[PDB]
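**Student:** This one's experimental. Sequence and coordinates below.
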Amino acid sequence: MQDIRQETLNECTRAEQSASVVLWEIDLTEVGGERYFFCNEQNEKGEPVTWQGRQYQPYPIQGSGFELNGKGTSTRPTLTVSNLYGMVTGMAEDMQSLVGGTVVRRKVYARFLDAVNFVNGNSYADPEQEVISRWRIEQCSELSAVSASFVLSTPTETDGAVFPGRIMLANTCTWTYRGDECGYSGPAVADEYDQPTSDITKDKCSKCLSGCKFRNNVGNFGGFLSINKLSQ
Amino acid sequence: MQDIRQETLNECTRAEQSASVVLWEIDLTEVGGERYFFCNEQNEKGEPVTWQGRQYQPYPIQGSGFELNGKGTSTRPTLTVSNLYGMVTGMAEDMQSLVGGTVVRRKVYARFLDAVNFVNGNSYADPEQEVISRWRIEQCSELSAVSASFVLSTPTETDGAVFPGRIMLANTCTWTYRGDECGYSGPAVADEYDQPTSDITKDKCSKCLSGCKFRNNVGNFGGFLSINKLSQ
Amino acid sequence: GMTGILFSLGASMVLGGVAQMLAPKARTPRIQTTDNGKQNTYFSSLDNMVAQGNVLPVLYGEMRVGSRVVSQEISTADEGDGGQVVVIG
Amino acid sequence: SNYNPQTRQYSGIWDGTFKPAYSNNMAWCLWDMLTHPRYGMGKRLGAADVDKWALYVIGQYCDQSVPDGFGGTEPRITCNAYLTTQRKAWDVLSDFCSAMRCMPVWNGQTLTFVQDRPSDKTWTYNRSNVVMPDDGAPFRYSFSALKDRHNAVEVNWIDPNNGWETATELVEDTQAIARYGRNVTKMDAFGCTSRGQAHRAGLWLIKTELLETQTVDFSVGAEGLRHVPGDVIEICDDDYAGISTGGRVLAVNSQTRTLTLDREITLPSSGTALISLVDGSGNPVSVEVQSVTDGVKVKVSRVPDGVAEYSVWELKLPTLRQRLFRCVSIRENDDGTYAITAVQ
Amino acid sequence: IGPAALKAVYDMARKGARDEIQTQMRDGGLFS
Amino acid sequence: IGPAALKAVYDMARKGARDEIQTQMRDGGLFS
Amino acid sequence: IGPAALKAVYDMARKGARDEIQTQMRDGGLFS
Amino acid sequence: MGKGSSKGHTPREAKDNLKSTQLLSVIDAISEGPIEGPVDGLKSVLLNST
Ligand code: SF4
Ligand code: SF4
């Protein structure tokens, strides 16, 4: 079942429907950007649509192909955004072509927007009735000088991933630096090529036996010292 | 880079270009035929087009889908020739359906044809300004009483070929007769079967041990006499 | 006359990868469970094979490797390599 | 003949002469593979169907004395193959061509090979030289995919030191781990016989896959179609993406004050330098420094060549600008006598 | 007319798909 | 109108190709 | 009018078949 | 020694009273075309990895 309130479900029974409104939120905090709020249309005052107090500005956005299924391939709906004045290209050249971000689609009925969107003022406003979905941007299939097409995907979709992440190595580590297994917290001692530096900005392990010996954590080495198992 | 001369390269950028002429040469000498020169167009005097001194007779022809690529399958452009009066059928039943021949496509700008193609006489003539391509006919996909369609392919295409071309061993030889590896140059002694003969017309080798014994040439036999390695 | 439907395909090719647009990438062999967990090399054959199915191979440098045996035969040897030194006792 | 097979030193111009000698060079090994009687598909293609000069350039580039981890000096790629199983010729050719990071193409009625060697610009394109479709914009860009961008690679190489057994070497980047996800990919390093070569191949794959991430397709008139043969390097300067005025065909020019009358409102640099490049008679790229823009519309060049007539296209180059390069990969020919170019 | 055009387009699409399958399975391509 | 016709043909050439893929792999086809 | 429409539909169907093959060869789906 | 053809042997230790000995003789095919000889003199031949 869905988290649909009783009031909106009851309203979604009558013949004389209201106007469906779709609003989009592009979240880039996890990738290094900001939160952008878009709406396909504006109110009667020629103003950004106000919902839950926040404002969605008008911009041509169109999402097509939302197909949830359990078999076959995954779902890859398409989002089209007008690229005029180079606005999309500006963030694309900066945010690595909008790869890894999140998109949230909220759909609302017209009779529940804030009262400031209507000259008479809606008395039926209720800023808690909407339907929410989230997806992740996969690629920018085409961004011309007039438009831009993004492919969407489910966050939990598996593609190109293998289950047994463990890999057996001979003289190379397998985990990160200082994360969980390299319980190192002392001063910087080494760098990429195992040089005796003492600066923290250049401290990165070489993923070798010599790096471990330098950092005195050879007891936590991921590379088994077999090597000569296939020669004999 | 291409071998295009400077002057034609300069002319190609002009805003007011001239007509583009395409001329085709079908060479079957490697198969046992002749050289045919075709041009889709003629001059203003109703005469075959004269280029570099030779004459390309007017005849229906049209090339389509000329593509060059490095990834995926090798491109196969097509050629269409009108088969009226049975002209194509006249050589199809004689030249084994034009399989294995060569086609040469030369493109030329109209302002460089010989002076005899113009009533006033072109003064800007240069018989060494053209672009040349060569392909090989692969099959005659369509042949009717109105037209004929040929498929073209690159000479270097590696479809249906295996790299190491040796069978190592057998009861039979795996070479040619009187080549540069068999090394036989004597008089005729044997034929397709193991029958004595003394005529050069029916000199043939069964490519078995008996043939070598007949020809007193066993040290050049290309079959290792193992047999029992597979059994024992 | 006109030649419509160009249908640019620059986007479709990248769908399989970008490094493949400049390099065809090396082929990889399959894994046989019977051959334990060893990985087969595509350019070296240490084991000495049987001269039959395997095509006459080619060498390109170094690589102590096996072969394709054409004839194996075991008999009784002679007592003495040569010369007049032919002592037994 | 010019090639010494011991120290790998070239001395003089090379002619179409071959001598029998021992070698372990990858390019010439491929050349032997392509053309040879008996087993080397010699009865299928001749010796004139393959671009031997491209092979010579590849072989010259192969030996560059890259620095190894052990402090030694070794050639970049060493040919070591023992093919002992029958397989499709196309597959063997692709495996050979994947080591030297090359790609084969039927260019100029000859089979040639191209690679990602840093080279110079060949030709320039802007809005005037390209044609837009009915949509409105002529350049169509595209990018790679999140899960398509690999950053962890395992390479299988034979190890002569221990037992001539296979060994797997891992290469990855921490910053790519932080930015994108972890994408593991396996590929054997064909012909490898040293850890340094396998590591170099893996690093090349990850770096090429991380940096080259943009592909643009567009169209070009007849002149450009005849100009670029295939797999060349050109600049595609676009004022739409650059939110500036990159330059286009100038209308008329003069000679006394060298008053060049363009058709777009240009904009000079702040205080350092700026140049403009036009074409001449033999289609060169003549560059001229610019001092002052008279009337915001008219240009004043120093030494213009009296060969520009009306259709010369000018490109205006400022400083501190990341010039955009492109390598053409796909070229398509249609019956309207325009070409479709897809480049990276 | 509707149904005739629909059936014609469907059959032409089937022929095109068959031709694509045939042409992509030769030596290279994506080897469908 | 153009884009409606193009989208219609594109979506019509989908199930045709899917059915072709499915039938050519069943018993005696080319297995896609 | 005539064969122009046929050629247009043929190219469109070939493109659709290519896209279908690509999308069905992926991890999910029937692995064509 | 290299060039195109070569031969070599090691002095056998044998004899010590009348007996009989076996002799395994085997021919192997390595590659095709004009190959270069072993990198070393004669110790390139490895029987049971020695
Ligand atoms: S190698 Fe030793 S030090 Fe470097 S990361 Fe792995 S464990 Fe931590
Ligand atoms: S069998 Fe003996 S004779 Fe007949 S071809 Fe082979 S080698 Fe020459």
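**Tutor:** Cool, the structure landed. Residues are numbered from 1 along each chain as shown, chains lettered A, B, ... in the order given. Ligands and ions are numbered 1, 2, ... in the order given.

**Student:** To which secondary structure element type does whatever residue of chain C ends up closest to chain A belong?
**Tutor:** Nearest residue of chain C to chain A, counting by Cβ to the nearest Cβ: residue C:11, 4.9 Å away. Where C-beta positions appear, they are placed from N, C-alpha and C, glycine not excepted. The assignment at residue C:11 comes out as helix when based on DSSP: H, G, I helix; E, B strand; the rest coil.

**Student:** check contacts around it.
**Tutor:** A:141-142, D:140, D:142, D:215 (Cβ atoms under 8 Å, 6 or more residues apart in numbering or on different chains).

**Student:** could you redo the last one with a cut-off of 10 Å?
**Tutor:** A:139-142, A:149, A:151, D:140-143, D:215, D:217, D:342 (Cβ atoms under 10 Å, 6 or more residues apart in numbering or on different chains).

**Student:** Of these, which is the nearest to chain B?
**Tutor:** Using Cβ to the nearest Cβ, residue D:342 comes nearest to chain B of the contacts of residue C:11, at 9.9 Å.

**Student:** and the helix or strand harbouring that closest one with chain C, contact?
**Tutor:** Using DSSP states H and E, residue D:342 sits in strand D:339-343. Yes: shown here: strand D:339-343 in contact with chain C (Cβ under 10 Å from any Cβ of the partner chain) through D:340-343.

**Student:** Quick one: neighbours of residue 28, just the number.
**Tutor:** This is for chain A. Residues lying near residue A:28 (other Cβ atoms under 10 Å in any protein chain shown) number 18.

**Student:** Chain H, not that one
**Tutor:** Applying other Cβ under 10 Å, I find that residue H:28 has 14 neighbouring residues.

**Student:** quick revisit: is chain G within reach of the strand holding residue D:342?
**Tutor:** No: Strand D:339-343 stays clear of chain G (Cβ under 10 Å from any Cβ), getting no nearer than 13.4 Å.

**Student:** Same question for whichever residue of chain H sits closest to chain D, what's its three-state structure.
**Tutor:** Residue nearest to chain D within chain H: residue H:36 (5.0 Å; Cβ to the nearest Cβ). At residue H:36, secondary structure determined by three-state DSSP is coil.

**Student:** measure residue D:32 to residue B:59 for me?
**Tutor:** 43 Å (Cβ to Cβ, to the nearest Å).

**Student:** same question but for residue A:230, I mixed them up
**Tutor:** 68 Å.

**Student:** Heading C-terminal from the lengthiest strand in chain A, find the next helix or strand.
**Tutor:** The longest strand of chain A (DSSP state E) is strand A:131-143. Counting by DSSP H and E, the next helix or strand C-terminal to strand A:131-143 is strand A:148-153.

**Student:** just checking, what packs against that next one?
**Tutor:** strand A:61-64, strand A:78-81, helix A:87-92, strand A:102-109, strand A:131-143, strand D:140-143 (3 or more Cβ pairs under 10 Å, 6 or more residues apart in numbering or on different chains; DSSP states H and E).

**Student:** tell me which residues of the fourth one are tucked away?
**Tutor:** Buried residues in strand A:102-109, counting neighbours by 16 or more other Cβ atoms under 10 Å in any protein chain shown, are found at A:102-103, A:105-106, A:108-109.

**Student:** residues contacting the residue of chain D found nearest chain F?
**Tutor:** When scored by Cβ to the nearest Cβ, chain D has residue D:134 as its residue closest to chain F, at 8.5 Å. Residues in contact with residue D:134, defined by Cβ under 10 Å, 6+ apart, are C:4, F:2.

**Student:** Kindly report the same for residue D:109.
**Tutor:** Residues near residue D:109 by Cβ under 10 Å, 6+ apart: B:3, B:104-105, B:131-135, B:154-155, D:49.

**Student:** Then residue D:49?
**Tutor:** B:134, B:154-156, D:34-35, D:106, D:109-111 are the contacts of residue D:49 under Cβ under 10 Å, 6+ apart.

**Student:** Pick out whichever of the residues you listed sits closest to residue H:5.
**Tutor:** When those are ranked by distance to residue H:5 (Cβ to Cβ), residue D:35 comes first, at 28.0 Å.

**Student:** Next up, phi/psi of the residue lying closest to that closest one once chain neighbours are set aside, please.
**Tutor:** Excluding its sequence neighbours, the residue lying closest to residue D:35 (Cβ to Cβ, 6 or more residues apart in numbering or on different chains) is residue D:47, at 5.0 Å. For residue D:47, the backbone dihedrals (degrees, to the nearest 10) come out as phi -80, psi -10.

**Student:** cool, and the one 10 residues further on?
**Tutor:** Here is the backbone geometry of residue D:57 (degrees, to the nearest 10): phi -60, psi -40.

**Student:** wait, is residue D:223 part of a strand?
**Tutor:** No: under three-state DSSP, residue D:223 sits outside any strand and is assigned helix.

**Student:** What distance do you get for it to residue B:10?
**Tutor:** 9 Å.

**Student:** Can you pull the phi/psi pair for residue 6?
**Tutor:** The chain I'm using is chain A. Per degrees, to the nearest 10, the backbone of residue A:6 is at phi -60, psi -40.

**Student:** To clarify, I was referring to chain E.
**Tutor:** Torsion angles, degrees, to the nearest 10, at residue E:6: phi -60, psi -50.

**Student:** how close does it sit to residue F:18?
**Tutor:** Taking Cβ to Cβ, one finds residue E:6 at 17 Å from residue F:18.

**Student:** More neighbours: the two, which one.
**Tutor:** Taking neighbours as other Cβ under 10 Å, residue E:6 and residue F:18 compare with residue F:18 leading, 17 against 12.

**Student:** Could you find the closest non-adjacent residue to the residue of chain C closest to chain A?
**Tutor:** In space, residue C:11 is closest to residue D:142, 4.1 Å off (Cβ to Cβ, 6+ apart).

**Student:** Which strand residues bridge that neighbour?
**Tutor:** residue D:215 (DSSP bridges).

**Student:** got a list of what it touches?
**Tutor:** Contacts of residue D:142 by Cβ under 10 Å, 6+ apart are A:97, A:139-144, A:149, C:8-15, D:213-217, D:342.
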